[PDB]
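Participant: The structure under discussion is supplied below as structure tokens; questions concerning it will follow.
Using ideal geometry, Cβ is built from the backbone for each residue, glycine included, and neighbour counts are taken over all protein chains shown. A short reminder: the numbers here are calculations on the coordinates, not readings from a lab.
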Amino acid sequence: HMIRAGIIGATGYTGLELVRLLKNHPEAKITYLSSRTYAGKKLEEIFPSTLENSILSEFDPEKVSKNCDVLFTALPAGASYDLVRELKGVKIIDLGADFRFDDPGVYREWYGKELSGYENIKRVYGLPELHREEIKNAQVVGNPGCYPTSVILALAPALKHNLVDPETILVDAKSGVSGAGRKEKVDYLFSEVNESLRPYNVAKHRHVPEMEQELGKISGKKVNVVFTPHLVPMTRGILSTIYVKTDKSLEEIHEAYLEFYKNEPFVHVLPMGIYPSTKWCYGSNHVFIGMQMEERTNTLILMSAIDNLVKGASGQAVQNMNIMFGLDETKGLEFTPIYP
Amino acid sequence: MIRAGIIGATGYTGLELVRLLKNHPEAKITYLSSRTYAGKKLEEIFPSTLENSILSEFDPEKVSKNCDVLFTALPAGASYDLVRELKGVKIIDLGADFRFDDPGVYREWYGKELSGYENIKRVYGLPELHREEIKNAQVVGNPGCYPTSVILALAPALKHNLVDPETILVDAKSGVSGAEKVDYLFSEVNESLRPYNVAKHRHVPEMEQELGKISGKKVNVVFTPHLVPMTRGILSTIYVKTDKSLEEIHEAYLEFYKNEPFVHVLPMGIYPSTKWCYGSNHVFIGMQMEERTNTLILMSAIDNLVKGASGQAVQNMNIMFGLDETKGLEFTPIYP
Amino acid sequence: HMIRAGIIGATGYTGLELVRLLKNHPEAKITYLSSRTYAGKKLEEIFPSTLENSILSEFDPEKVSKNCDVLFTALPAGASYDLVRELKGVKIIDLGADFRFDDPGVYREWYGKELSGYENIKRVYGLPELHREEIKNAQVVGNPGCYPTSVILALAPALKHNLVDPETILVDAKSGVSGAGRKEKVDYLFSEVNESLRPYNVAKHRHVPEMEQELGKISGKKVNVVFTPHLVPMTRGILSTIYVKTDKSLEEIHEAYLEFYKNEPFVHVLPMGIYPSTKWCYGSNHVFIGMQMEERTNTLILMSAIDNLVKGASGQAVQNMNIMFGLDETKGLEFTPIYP
Amino acid sequence: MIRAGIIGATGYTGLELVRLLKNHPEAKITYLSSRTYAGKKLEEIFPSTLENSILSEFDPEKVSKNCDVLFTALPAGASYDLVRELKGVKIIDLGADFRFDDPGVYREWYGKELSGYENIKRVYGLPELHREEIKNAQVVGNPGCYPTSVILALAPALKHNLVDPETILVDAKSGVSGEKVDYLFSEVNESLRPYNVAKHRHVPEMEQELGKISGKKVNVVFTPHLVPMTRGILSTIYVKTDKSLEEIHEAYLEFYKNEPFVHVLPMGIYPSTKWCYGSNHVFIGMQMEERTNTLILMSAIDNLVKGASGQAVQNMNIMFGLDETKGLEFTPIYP
């Protein structure tokens, strides 16, 4: 029996990537797509690259409940929370931030909406490499942000084994344009962004409390992250360069990373002194981690690269769906990066 | 499982063969060679591949032993030479050594004599035109990337006598991966567009060969390629005179391709973007008419590394081993 | 006499390039700037790159008439025409199409507005390499479109000397995105354009009748242009590839081209066998032309490259300003392309 | 009219020197040499230069004859060597030969002992810090591109004791222009990568200049990244502070108020690299992470102009008593 999958907000870039992934997934099929703007059209009329002849639906919760086992939501902040209340017997994988936070007061501070009744929702942060045991039994998964995915994966072995000083962590992060999310104003025009790099939302970015939640959970201690994102003139990819103090040797750390990720099919620890290129990830669910030590100041440099649209969004969402349905976690995700 | 080897696994077409073949449900990589990087695992050179096979130094005895089929991506003429040394291995050459029906034409444009050619059971590997002959071929001459785009763009028009085949103008645009010396450096190519090899490109006689077979009349092509600052994709803008209506031609295109899983004729008024093909074996074709001059404008887009090279190579293999033509190739373009 | 220059629509990309040129121009200075979107803001608050602290005005004809000897206008279609009636004693160089056409019925057909009173206006098409003699004494110049500038410069010697068959000319052109301007439509978003090439407006583009007008005048014959533009994933630059039948040799045509442009400072006929790269023009008012013959069909291929924002727009405008005020035509335009 | 020679005219820094000197009202090119293309017209190699001059095979007699000032763009150590065998010529070295005060630092990092160094009147060619010394130099080590961005970002903070100078972290991003198979278009396009992490030759150069300004030892952690664009450097700098962001911004406005090429942006506004494009201008922004008291400074330059050839011309102007902006007055090309 094929998992029956629905996508709300199917015409955004993360929706398109769920379409690609689910079409290829040998144990799932698309039974529902919705869009407000394009309701009534075949998805391939809007995006011929999708090769998807399915008509876009105007969202109706009874139709979803009848036609879907699982539903991916890619919607403006707060919309998934509201629409999910009406559904019956459908597992939810939300690509936004509505279900990411353990404490709904933090979501409210950063996203400006109260999540009434949160205490009744069995939700989990969808990072399989940290939470697969809980994801297995979840009804609602809050799919991680793209920067948090890159960062938490970069830091987990270090924090789990207290190999670094987690009190202050510096994160200088570089993302292709698709990683800033749905943004159609002047600053995201080709002519503005092309051939230019810029910092944005320096130190106050909604991803910070999210990273901190997960990093603090691992370490057992409050983690304050200093976070600077930069918009890079390429479509996709994230490189997070992470700086933290340590009194350990690079060798001990590298062994610890190897050990931690040895059975994780999507995370690849590089040899010491080899640093990741973002395009090594292109189109795939794979993550590459490299590291260096600055010896004079005892500063560990961790470098993690992911494809923000895949392991940073829709690939990880499918990964979560596999876990929730008890499938081999690489199902529909067994393919390699596209290069060059 | 089909046992597949790749000679020249560290070129871009090689890397895409590796991607496609790893994912192929009825085939597996049993051999990989590299003149430059032998003795290293493929993923040491190109981590993106995630392939731990050590790269071999080419040895025909090992190939004959381990491979049912061999993909070759070499300097011109080299595939011709190494294929003599092999026996009982099917060959799909990504180069030009086996493309031409008349080896005199190859000689003229590639400056090498192909001895004993008439004794080689070879075929031009464009499945949408020659799948019945590829089925029984021992050696396939995998089409070049511009010809793939041009021939697919013009096939219905020429088959159905809907245009004047006499003179066809082809203005083509390729990303860099499909056209390294100092001129192919990032700072040189970036943020610039240039024509190259104008009306003197080795793909021209290749096009004329295939286009004339379809037409049943002589075709002269005027061909201008242009280097575009992006990594991949081809768009061929084709101009030809016609006395037929656009509606007529469009209906003909839909009919011609109706059962072809990799060619997609767009709705009238809609023009292809090259990135609509990205990473996939799929082709999009659009058209317009300039009505005052009775000029049909055909536009086709392909990913030059996939349908333009390695995907077509895999498609050809499927045909040769009696597999469903789309095996290993079903997946859709990546976007954006 | 520093020439006093006003710019209407200072915050579009052609307006920005006018500011860069005119700040550097030794015999002109900016005395008026207006903007419909950003009036009341300093230009450098919108575009810090401009390094221009002047406050952007809300357009007022009295102030223009008072403070300017010349006025560049970059407005939507029809707008420059309307405002020009309300003005006196000011030369006008319109970057749009309102004054480009000899026949206002052709303009109406393609741009949809009626230009009443047109035959009282002494306007001239501002292509200096063809019309500098008339531009000298004009009060209103319709500054050519960017694709026309490339195409006419590519064809002029051939048509003037009857070296080709001008009845049917096929033009396959390629432009960077900046041709579109700073218009926030989703198609012009970085993520949509990047890494892709697309034809657009095939055989139905407003520049066609404008090309045909100028090409007809210099051939003395009716010219039908078949024109396919393509959007290229780069910011600036136009390459026009032009196909025309000829009974002459390439050697004779090359000879005629060299002779025709021998004394034009901005047009550079390349060596035979050499083709232009668009970036060779970057930031400058210079043009490169190459050519080839396809001998079996007697098809001449002409290739011309310009920077669309400079010789294709604001640079050509300043060149026309120099001509109109009797200055050395290269003034403020002496700089060479920036490379790489 | 100053007579300028360029040794190494077919590199990118050479090409920008040609464009800038051609436009310079009070200088002119009297010598062009190329180790690679000697014998050919410059425009046979780069048609965009519009330069029909034939490239010379370097002859120090013809140089001594024909130039007041020479710009050198050669492989490291290469001049030094020919510099000493010249006289009556101002030298602006675009390489690292003359940047270092301690030539032992140069030899450990660049692998070459510089004998006779101590009696050469050389200076570090950063006008915004050293113009008075540059005024009377006969040799300038033109600063590397990354140090240029990093030092201008930090100068007011270090000068006015506004930050803990003890440990400074620099995460730098550069366009490709800032050779082999991995510099090919298809390799670099649509990809970002760190390189030379922790171990980069520009680190000792920064620590030299930052220490001078603070009057206290400065340790720099520096990590560069290759960005898929042609030009532009963005340096993102992290440093602990006990001062308010407001006070730091005021100090930056004061320190740079009379500096024509350095522009401190309003608070909240961060620089785009393309805002500098083709120009000698610098943009600085900043923010505070309040919980940790971490200052984030951000500077953007054009690596080929203020990072290389434009700073060089700025230095020529100073050496010859010209307005520092001569030939450099033009604004960024945008978009």
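Participant: Tell me what chain A gives for mean residue ellipticity at 222 nm when only DSSP H runs of n ≥ 4 count, each as -39,500 (n - 2.57), the sum divided by the residue total, rounded to 500 deg cm²/dmol.
Facilitator: Taking each H run of at least 4 residues, the total per residue is -8000 deg cm²/dmol.
Participant: Roughly how many Å is it from the Cα centre of the stretch C:182-260 to that of the stretch D:224-296, as a whole number?
Facilitator: 42
Participant: Around D:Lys65, with a cut-off of 13 angstrom between Cβ atoms, what is the net charge of the other residues, counting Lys and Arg +1 and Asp and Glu -1?
Facilitator: Values: positive: D:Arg3, D:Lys62, D:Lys87; negative: D:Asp59, D:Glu61, D:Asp68.
After counting each charged neighbour, the total is 0.
Participant: Connecting C-alpha atoms closer than 10 Å in a GNM of chain C, tell me which of C:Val225, C:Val186, C:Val124 has the biggest fluctuation.
Facilitator: C:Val186
Participant: What residue among C:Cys68, C:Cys281, C:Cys146 has the largest mean-square fluctuation in a Gaussian network model of chain C, using Cα springs under 10 Å?
Facilitator: Top of the fluctuation ranking is C:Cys68.
Participant: Given springs between every Cα pair under 10 Å in a Gaussian network model of chain A, which of A:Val310, A:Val269, A:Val318 has the largest fluctuation?
Facilitator: Of A:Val310, A:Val269, A:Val318, the Gaussian network model singles out A:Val269 as fluctuating most.
Participant: Just to be sure I understand the model, the point goes 7 Å from the Cα along the line to the Cβ. What's the resulting C:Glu133 to D:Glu85 distance in nm?
Facilitator: Placing both labels 7 Å beyond Cα along the Cβ direction yields 6.0 nm.
Participant: Ignore the peptide's own chain and count Cβ atoms of other chains within 10 Å of each Cβ in C:304-313; give me the average, rounded.
Facilitator: 1
Participant: Here's a follow-up. Distance cut-off 21 Å, Cα to Cα: go down the list C:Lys221/C:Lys248; B:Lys173/D:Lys40; B:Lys217/B:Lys241; D:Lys173/D:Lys212; B:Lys90/B:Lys112; D:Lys159/D:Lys217 and report the pairs above it. Display every interim value, and only then the final one.
Facilitator: Working: C:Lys221/C:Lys248 19 Å; B:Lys173/D:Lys40 31 Å; B:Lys217/B:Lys241 15 Å; D:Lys173/D:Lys212 25 Å; B:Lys90/B:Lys112 23 Å; D:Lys159/D:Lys217 13 Å.
Exceeds cut-off: B:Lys173/D:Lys40; D:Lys173/D:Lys212; B:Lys90/B:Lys112.
Participant: Using a 10 Å cut-off around each Cβ of peptide A:229-241, what is the average number of partner chain Cβ atoms that fall inside?
Facilitator: Values: counts 0, 10, 2, 8, 12, 11, 11, 7, 4, 1, 6, 0, 7.
Partner-chain Cβ atoms within 10 Å, mean over residues of A:229-241: 6.
Participant: Rounded, prolate or oblate for the stretch B:80-203? Axes are the square roots of the Cα gyration tensor eigenvalues, ordered a ≥ b ≥ c, and the cut-off for rounded is a/c under 1.5. Mind showing how you got there, number by number?
Facilitator: On the way: a/c = 1.98, a/b = 1.25, b/c = 1.59.
Judged from the Cα gyration tensor, the stretch B:80-203 comes out oblate (a/c at least 1.5, b/c at or above a/b).
Participant: How big is the protein assembly as shown by Rg and Dmax over its Cα atoms, in Å?
Facilitator: 31.7, 90
Participant: Right, here's the next one. Size of the dipole of the stretch C:247-309 about the Cα centre, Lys and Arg at +1 and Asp and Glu at -1 on the beta carbon, nothing else charged, in debye to 20?
Facilitator: Numbers: 4 positive and 9 negative charges, 53 e Å.
The calculation lands at about 260 debye.
Participant: When the dipole is taken about the Cα centre of the protein assembly as shown, and only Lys, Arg (+1) and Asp, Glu (-1) are charged at their Cβ, what size is it in debye, to the nearest 20? Show your work: numbers first, answer last.
Facilitator: Values: 148 positive and 172 negative charges, 71 e Å.
Here the size comes out at about 340 debye.
Participant: Looking at the stretch C:144-308, what % of its DSSP beta bridges pair antiparallel, to the nearest 5?
Facilitator: Working: 23 of 34 bridges.
Looking only at bridges with both residues in the stretch C:144-308, the antiparallel portion is about 70 percent.
Participant: Averaging sequence separations of C-alpha pairs under 8 Å and six or more residues apart, then dividing by the length of the stretch D:31-82, give the relative contact order as a whole percent.
Facilitator: Working: 50 pairs, mean separation 16.9, N = 52.
In percent, rounded to a whole number, it is 32.
Participant: Quick one: what do you get for chain D if you divide its Cα Rg by 2.2 N^0.38 Å? Could the numbers behind the result be given before it?
Facilitator: On the way: Rg = 19.6 Å, N = 335, 2.2 N^0.38 = 20.0 Å.
Rounded to two decimals, the normalised Rg is 0.98.
Participant: Then there's this: Rounded to the nearest 5, what % of DSSP beta bridges with both residues in chain B are antiparallel? Working shown, then result.
Facilitator: On the way: 24 of 57 bridges.
Restricted to chain B, the bridges split so that about 40 percent are antiparallel.
Participant: Would you mind computing Rg(Cα) / (2.2 N^0.38 Å) for the stretch C:50-151, counting N as its residues?
Facilitator: Numbers: Rg = 14.2 Å, N = 102, 2.2 N^0.38 = 12.8 Å.
It is 1.12.
Participant: State the percent of C-alpha pairs, over all pairs in the stretch C:144-308, separated by a distance greater than 28 angstrom.
Facilitator: On the way: 2636 of 13530 pairs.
Summing the P(r) of the stretch C:144-308 above 28 Å gives 19 percent of all pairs.
Participant: Among A:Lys279/B:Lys28; C:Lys42/C:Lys63; B:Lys181/C:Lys245; C:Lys88/C:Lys183; C:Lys41/C:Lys204, which pairs are too far apart, with a Cα-Cα distance over 27 Å? Please report the intermediate quantities before stating the final value.
Facilitator: Details: A:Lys279/B:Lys28 25 Å; C:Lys42/C:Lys63 18 Å; B:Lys181/C:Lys245 35 Å; C:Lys88/C:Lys183 31 Å; C:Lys41/C:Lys204 38 Å.
Beyond 27 Å between Cα atoms: B:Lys181/C:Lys245; C:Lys88/C:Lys183; C:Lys41/C:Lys204.
Participant: Moving on to the next point. From Cα pairs below 8 angstrom and at least 6 apart in sequence, can you work out the relative contact order of chain C, rounded to a whole percent?
Facilitator: Working: 749 pairs, mean separation 58.4, N = 340.
After rounding, I find 17 percent.
Participant: Ranked from highest to lowest mean number of other Cβ atoms within 10 Å per residue, what is the order of the peptides D:253-263, D:2-12, C:42-52? Walk me through the intermediate numbers first.
Facilitator: Details: D:253-263: 15.6, D:2-12: 23.2, C:42-52: 20.2.
Packing proxy ranking, top to bottom: D:2-12, C:42-52, D:253-263.
Participant: I need C:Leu22, B:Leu169 ordered by Cβ neighbour count within 10 Å, fewest first. Kindly include the intermediate steps, with their values, before the conclusion.
Facilitator: Working: C:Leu22 20, B:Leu169 25.
Fewest-to-most Cβ neighbours within 10 Å comes out as C:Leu22, B:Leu169.
Participant: Here's a follow-up. Under a crude label model (7 Å from the Cα following the beta-carbon direction), how far is C:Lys245 from D:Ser64 in nanometres?
Facilitator: If labels sit at C:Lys245 and D:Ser64, their model points lie 6.8 nm apart.
Participant: For the stretch B:1-79 and the stretch C:22-80, write down the distance between their C-alpha centroids in whole Å.
Facilitator: Centre-to-centre distance over Cα atoms comes out at 62 Å.
Participant: Further, regarding this structure: Based on the alpha-carbon gyration tensor of the stretch A:1-75 and its eigenvalue square roots a ≥ b ≥ c, which shape applies: rounded if a/c is under 1.5, prolate if not and a/b is larger than b/c, or oblate?
Facilitator: Numbers: a/c = 1.68, a/b = 1.11, b/c = 1.51.
Oblate shape, in that a/c is at least 1.5 and b/c is the bigger or equal ratio.
Participant: What residues of the stretch D:234-263 lie in the reach of a label at D:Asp164, counting those whose backbone N is under 13 Å from a point 7 Å from the Cα along Cα→Cβ?
Facilitator: Those under the cut-off are D:239-243.
Participant: For the stretch A:26-146, give me the percentage of DSSP beta bridges that are antiparallel, rounded to the nearest 5 percent.
Facilitator: 10
Participant: Report the net charge of residues surrounding D:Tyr195, where surrounding means a beta-carbon distance below 12 angstrom and charges are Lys +1, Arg +1, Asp -1, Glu -1.
Facilitator: Values: positive: D:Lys173, D:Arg193, D:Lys199; negative: D:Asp182.
Once positives and negatives cancel, what remains is +2.
Participant: Could you name the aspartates and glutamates whose alpha carbon sits less than 13 Å from that of C:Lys29, not counting residues in the same chain fewer than 8 places away?
Facilitator: In chain and number order, the partners are C:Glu52, C:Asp69.
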